[PDB]
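Chemist: Provided herewith is a single structure, encoded as structure tokens, for subsequent inquiry.
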Amino acid sequence: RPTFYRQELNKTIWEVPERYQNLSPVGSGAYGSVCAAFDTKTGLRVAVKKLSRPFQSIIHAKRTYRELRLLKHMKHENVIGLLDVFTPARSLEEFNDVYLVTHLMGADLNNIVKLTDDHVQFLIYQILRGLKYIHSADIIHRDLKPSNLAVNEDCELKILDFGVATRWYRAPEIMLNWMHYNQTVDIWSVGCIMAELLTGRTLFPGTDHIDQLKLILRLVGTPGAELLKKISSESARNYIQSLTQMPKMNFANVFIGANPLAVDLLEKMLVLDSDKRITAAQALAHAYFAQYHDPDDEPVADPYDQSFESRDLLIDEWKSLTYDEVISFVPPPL
Ligand SMILES: COc1cc2ncnc(Nc3cc(NC(=O)c4ccnc(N5CCOCC5)c4)ccc3C)c2cc1OCCN1CCCC1
């Protein structure tokens, strides 16, 4: 039970172990505030997030428990991982604040831009490697986009969720609930990201859900008979057939002058039918990534138990489950 010190910044009490020194605000919003800090135990530079009113409602409490469970399980080089979690509460009774600690990321993908073909290969490779890992434990990101990707000076990437319109990167089946989905909603997003790096521009910059679909269908074409057969909703089916029939464009006439193996991968990623879309694992083995792919260093995750998600609990039960998870936390080795 280490020594805590208090201090105020951004109009909020921070109460942290002495281990963590020199705190400096880096951004706050509805969900939590974040500080950079020096970690006197590893000489490393870290980021500390104070959750905003984590047990105010049933939604907040369950969400707080979800983030903590998730970060405790993720142990992979291309995925954010949990260095430490603490509370200044001595007991469950007085337990009201949660703090999460991770490696301090510098600049996101949004900030670091066009760019070389070798750079795109390496950046997209690392995202897929990280996606193979989380998808293997049935975890879906759902909000993959450049501002959720951290990239340091070595060009090393990590997937995270700081919590660019999201809709610009969203799979059309999730955006509209028009057809069932799987893990490959995130594969759609990656294709939108890769295109952007290849050409310097947002691929599909829609101004609402309808305009977004319009732009997308302009590129991939209206759904064929095969895909139209699996659209569950009657409304959605009508809309689509009531549109004016757009053809599939030739991707080489769109990504003009780009590396042909990347044009090919883009075509396997940006397919409308989600039964046909390439997975993370299959995509690691494509010829675009020949210089990086090693099937013996692209690991999968331990089984992840997410049954809690179907439960309807009271606030005090989620709060108590969170506290347990704080107490059983064992740090990762140096
Ligand atoms: C310099 O600005 C920084 C740096 C940071 N470094 C490290 N961590 C953080 N933020 C952070 C995030 C989290 N949680 C998650 O990342 C999270 C939650 C849920 N799910 C995931 N997954 C889903 C599947 O894939 C794995 C990821 C991740 C926990 C603790 C911390 C500390 C930051 C934050 C940061 O700045 C934030 C504000 N800033 C203002 C300028 C732009 C953004």
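Every chain in the structure tokens takes a letter, A first, then B, and so on in the order presented; its residues are numbered from 1, and the ligands are numbered from 1 following the presented order.
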Enumerate as a ChimeraX atom specification the residues within 7 Å of ligand 1, counting only C-alpha atoms and all ligand atoms.
Modeler: /A:26-28,34,46-49,67,70-71,79-80,100-107,134,139-141,159-162
Chemist: Please return, as an NGL selection string, all residues of region 87-265 of chain A that DSSP assigns to helix (DSSP H, G or I) on the basis of the backbone.
Modeler: :A and (117-136 or 146-148 or 166-169 or 172-176 or 185-199 or 209-220 or 225-228 or 234-242 or 251-253 or 260-265)
Chemist: Please report the interatomic distance between CA of residue 133 (chain A) and CA of residue 301 (chain A) in Å with one decimal.
Modeler: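 Going from CA of residue 133 (chain A) over to CA of residue 301 (chain A), I get 5.4 Å.
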Chemist: If we count only C-alpha atoms and set the cut-off at 8 Å, which residues sit around residue 127 (chain A), ignoring sequence neighbours fewer than 6 positions away in its own chain? Please answer as a list in words.
Modeler: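 The neighbour list is residues 78, 157, 158, 159 and 190 of chain A.
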Chemist: Please report the interatomic distance between CA of residue 33 (chain A) and CA of residue 50 (chain A) in Å with one decimal.
Modeler: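 Result for CA of residue 33 (chain A) versus CA of residue 50 (chain A): 5.4 Å, one decimal.
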Chemist: Could you state the separation of CA of residue 215 (chain A) and CA of residue 129 (chain A) in Å, given to one decimal place?
Modeler: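 Calculated distance between CA of residue 215 (chain A) and CA of residue 129 (chain A) is 29.1 Å.
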Chemist: Could you pull out the strand (DSSP E) residues of region 88-241 of chain A from DSSP and send them as a short mmCIF file (atom, residue, chain, number, x, y, z; two decimals) with C-alpha atoms, in the first residue's frame?
Modeler:
data_model
loop_
_atom_site.label_atom_id
_atom_site.label_comp_id
_atom_site.auth_asym_id
_atom_site.auth_seq_id
_atom_site.Cartn_x
_atom_site.Cartn_y
_atom_site.Cartn_z
CA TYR A 99 -6.96 5.27 -12.64
CA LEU A 100 -5.44 3.37 -15.57
CA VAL A 101 -1.71 3.53 -16.54
CA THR A 102 -0.17 2.69 -19.97
CA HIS A 103 2.95 3.47 -22.10
CA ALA A 107 1.59 11.14 -32.17
CA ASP A 108 -1.30 9.36 -33.85
CA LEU A 149 -3.59 4.50 -34.01
CA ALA A 150 -0.36 5.43 -32.20
CA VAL A 151 2.93 5.67 -34.16
CA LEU A 157 2.24 1.13 -34.19
CA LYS A 158 -0.26 0.35 -31.43
CA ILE A 159 -4.04 0.02 -31.59
#
Chemist: Mind checking which residues fall within 12 Å of residue 322 (chain A), counting only C-alpha atoms, ignoring those fewer than 5 positions away in the same chain, and posting them as a VMD selection string?
Modeler: chain A and resid 54 to 55 60 to 70 72 85 to 87 92 95 to 99 308 315 to 317 327 to 329
Chemist: With C-alpha atoms retained, write the just-selected residues as a tab-separated table (two decimals), in the first residue's frame.
Modeler:
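result-v6.tsv, written as the output of this step:
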chain	number	residue	atom	x	y	z
A	54	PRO	CA	-17.11	5.77	-13.32
A	55	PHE	CA	-20.08	4.62	-11.15
A	60	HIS	CA	-20.91	4.06	-16.77
A	61	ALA	CA	-20.28	1.23	-14.25
A	62	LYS	CA	-20.59	-1.55	-16.85
A	63	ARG	CA	-18.44	0.46	-19.26
A	64	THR	CA	-15.81	1.01	-16.54
A	65	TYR	CA	-15.69	-2.77	-15.83
A	66	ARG	CA	-15.53	-3.49	-19.62
A	67	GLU	CA	-12.51	-1.23	-20.21
A	68	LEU	CA	-10.64	-2.70	-17.16
A	69	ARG	CA	-11.30	-6.32	-18.10
A	70	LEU	CA	-10.22	-5.67	-21.72
A	72	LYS	CA	-5.95	-6.52	-18.30
A	85	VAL	CA	-4.37	0.27	-12.29
A	86	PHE	CA	-4.89	1.98	-8.94
A	87	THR	CA	-7.37	3.56	-6.61
A	92	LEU	CA	-14.85	-1.07	-1.13
A	95	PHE	CA	-14.23	3.17	-3.56
A	96	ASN	CA	-15.22	5.90	-6.07
A	97	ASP	CA	-12.19	6.60	-8.38
A	98	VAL	CA	-10.31	4.54	-10.98
A	99	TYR	CA	-6.96	5.27	-12.64
A	308	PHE	CA	-20.74	-10.31	-18.39
A	315	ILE	CA	-24.56	-0.30	-9.91
A	316	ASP	CA	-23.13	-1.72	-6.68
A	317	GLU	CA	-22.60	-5.13	-8.26
A	327	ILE	CA	-7.06	-5.97	-6.34
A	328	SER	CA	-6.13	-9.09	-8.40
A	329	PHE	CA	-4.03	-6.96	-10.80
Chemist: Let me make sure I understand: among A:196, A:241, A:146, A:118, which one has the smallest atom-to-atom distance to residue 229 (chain A) if we use only C-alpha atoms?
Modeler: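 Ranking A:196, A:241, A:146, A:118 by distance to residue 229 (chain A), first place goes to A:241.
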Chemist: Counting only C-alpha atoms, which residue out of A:88, A:25, A:260, A:43 sits closest to residue 6 (chain A)?
Modeler: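 Using only C-alpha atoms, the shortest distance to residue 6 (chain A) belongs to A:88.
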Chemist: At a cut-off of 9 Å, using only C-alpha atoms, what residues contact residue 207 (chain A)? Leave out same-chain residues fewer than 4 positions from it and give the result as a list in words.
Modeler: residues 165, 167, 168, 211 and 212 of chain A
Chemist: As a ChimeraX atom specification, please: the residues near region 142-144 of chain A (cut-off 7 Å, only C-alpha atoms, same-chain neighbours under 3 positions excluded).
Modeler: /A:148,166,185-186,189
Chemist: Now that the selection is made, can you save its residues with C-alpha atoms as a compact mmCIF listing (two decimals), in the first residue's frame?
Modeler:
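Below you can see out_14.txt, which holds the result:
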# COMPACT_ATOMS: atom_id res chain seq x y z
CA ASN A 148 -7.00 5.69 -32.74
CA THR A 166 -16.08 8.09 -37.37
CA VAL A 185 -16.24 -4.65 -40.01
CA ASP A 186 -12.71 -3.61 -38.86
CA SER A 189 -11.94 0.34 -41.86
Chemist: Hey, which of A:226, A:173, A:18, A:39 ends up closest to residue 213 (chain A)? Count only C-alpha atoms.
Modeler: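 Selected residue with least distance to residue 213 (chain A): A:173.
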Chemist: So, counting only C-alpha atoms, which residue among A:175, A:314, A:231, A:192 is closest to residue 267 (chain A)?
Modeler: A:192
Chemist: Go through A:299, A:223, A:32, A:332 and flag the residue nearest residue 76 (chain A), using only C-alpha atoms for the distances.
Modeler: A:299
Chemist: With only C-alpha atoms as the atoms that count, which of A:269, A:263, A:240, A:115 lies nearest to residue 224 (chain A)?
Modeler: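 Selected residue with least distance to residue 224 (chain A): A:240.
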